[PDB]
Every structure is written in structure tokens, then in C-alpha cells.
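Below: one structure, written as C-alpha cells.
Basis: the model, the stated rules and, where named, an outside source; no laboratory instrument gave them. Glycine gets a Cβ as well: all are built from the backbone with ideal geometry, and neighbour counts include every protein chain shown.
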Ligand SMILES: C=CC[C@@H]1/C=C(\C)C[C@H](C)C[C@H](OC)[C@H]2O[C@@](O)(C(=O)C(=O)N3CCCC[C@H]3C(=O)O[C@H](/C(C)=C/[C@@H]3CC[C@@H](O)[C@H](OC)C3)[C@H](C)[C@@H](O)CC1=O)[C@H](C)C[C@@H]2OC
């Protein structure tokens, strides 16, 4: 009765935070940020010193967490059907085919489950870009990234694993969401 659960959606996954209706939303923001900013509720910017009571929130209301660049972002759909969104631009020469890139990544399914993260093995992933050493959506989507950049790829099944799936948990005909952080070239 005195507590409320709030669903925070950042464009990759949904994470819930339960807090007392009189706890400042600062606690939710900090907890979210610590996991890895602009939070919106019904399109209005949440201030840290505001409580759920102040904003007339109800259980399981949704908060949008915006981790992208100040000024906003866009989701690009290319000729292949790949979608990508530059959350952070970074700076440097753009990644080109033939370069060996080192990244951190996290992947999620449509059902919201996280299926992998290179951060969970604490182990950067490196590959020759444009070599067919990764799924098609990665060969296309990592091209153009710059060091320090964070790009979110929404990969349709034809640019992923199609009707086969992979890794046990990626089912047939799955759209995949990856966040890729370019560490080095
Ligand atoms: C010699 C082989 C071992 C070699 C393994 C590694 C270097 C370790 C490396 C961190 C992979 C992870 O190991 C913990 C793990 O990564 C996933 O969890 C994952 O997030 C994923 O989807 N990734 C990984 C990150 C790049 C994008 C994508 C991928 O393209 O991965 C590629 C992939 C699976 C391509 C298939 C290959 C078969 C084709 O038929 C299919 O064609 C559509 C495409 C990987 C990099 C392969 O090129 C190389 C390998 O496989 C898979 C769900 C399962 C996979 O474990 C196996």
C-alpha cells in the first residue's frame, strides 16, 4: 500500500524498481545509473528530489530512461532492414571493413531476457570487421562507429540467425537487440 514498483525502459530492456511512495526518485535514478541521464514520466522530466507521491504515480507505471546524447537520438532503418541508434557518438576515425575492432556488448531478446554480455566474462570481444566472422547485422552495424561510441543494433532475423537460432536461447526467427561499445580499433 505504501510501496510502489516502477518499470524503467531504456530502449534495450525493462528493469523494475520498488520504492516507498515518499522516497525521492533520486534513489531509483542512482540505482539505475549504477547498473550502467534523463528520466521521463508521461513525457515530463523527473527531478531527483521528487517522490512518486508528488507525481501521482501508480504501481507498474513506466519511466523512460534516456541514456542517449543530450539533444536526442534517432533510430535509423537501413536498406537491409537493420536498425541502429547512436546513443553516444564517440570520436575518432570511423570503423571500416578490414579493421579489427574491440567491443563490449550486451544482447537481449524480444521477450526482454538478456542472453549474453561480454561484461559478464569481463572480456572484450574483438573481430575483423567486414569479414563474415559475425552475423550480418554486426558486419553492417559496427561499420561507422567511433571509439567511445555506444550503438544499439536492432537486428532482424535475416541479419541474425534466421530460422536456426543460436546459443540455445536465441529461438528461431528472433529479432536481436545488441548494445555495442567500441573500445578500440
Ligand atoms: C569457432 C567458434 C567459436 C567462436 C566463439 C567466440 C569467438 C566467442 C564469442 C564471444 C561468442 C560468444 O561465446 C560466448 C557467444 O555469443 C553469443 O552469445 C552472442 O551474443 C552473439 O550472437 N554474438 C557474439 C558477439 C558478436 C555477434 C554475435 C555473433 O555473430 O557471434 C558469432 C556467431 C555465433 C556466428 C554464427 C556462426 C555460425 C553461423 O552458422 C551463424 O550464421 C548465422 C553465425 C561468433 C562470434 C562466431 O563468429 C565465432 C564463434 O562462434 C552467441 C548467441 C553464442 C556465442 O557462443 C558460441
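Could you list, in sequence order, all residues of the stretch 101-132 that are within 14 Å of the chain's Cα centre (by Cα), within 11 Å of the ligand (Cβ to nearest atom) and outside any strand (DSSP E or B)?
Listed by number, the list holds a single entry, 118.
Which count do you get for residues in the stretch 144-176 that are over 15 Å from residue 78 (Cα atoms), within 11 Å of the ligand (Cβ to nearest atom) and part of a strand (DSSP E or B)?
Count: 3.
Across the stretch 45-66, what is the total count of residues that are crowded, with 18+ Cβ neighbours inside 10 Å and either closer than 10 Å to residue 21 by Cα or outside the structural domain of residue 26 (by CATH) (or both)? Reasoning before the result, please.
Initially, the stretch 45-66 is screened for residues crowded, with 18+ Cβ neighbours inside 10 Å, giving 46, 52, 57, 63, 65.
If we keep only those that are either closer than 10 Å to residue 21 by Cα or outside the structural domain of residue 26 (by CATH) (or both) as well, we get 52, 57.
The number of residues fulfilling the criteria is 2.
How about the stretch 87-100: which of its residues are within 16 Å of the ligand (Cβ to nearest atom) and more than 22 Å from the chain's Cα centre (by Cα)?
Keep residues of the stretch 87-100 that are within 16 Å of the ligand (Cβ to nearest atom), which gives 95, 97, 99-100.
Scanning the stretch 87-100 gives 97, 99, 100.
Quick check on my filter: what residues within the stretch 2-17 are within 15 Å of the chain's Cα centre (by Cα) and outside any strand (DSSP E or B)? Write out each step before concluding.
Restricting attention to the stretch 2-17, the residues satisfying the condition of being within 15 Å of the chain's Cα centre (by Cα) are 8-15.
Hits for the stretch 2-17 are 10, 11, 12, 13.
What is the number of the single condition among (1) crowded, with 17+ Cβ neighbours inside 10 Å; (2) closer than 19 Å to residue 152 by Cα that residue 78 does not meet?
(1)
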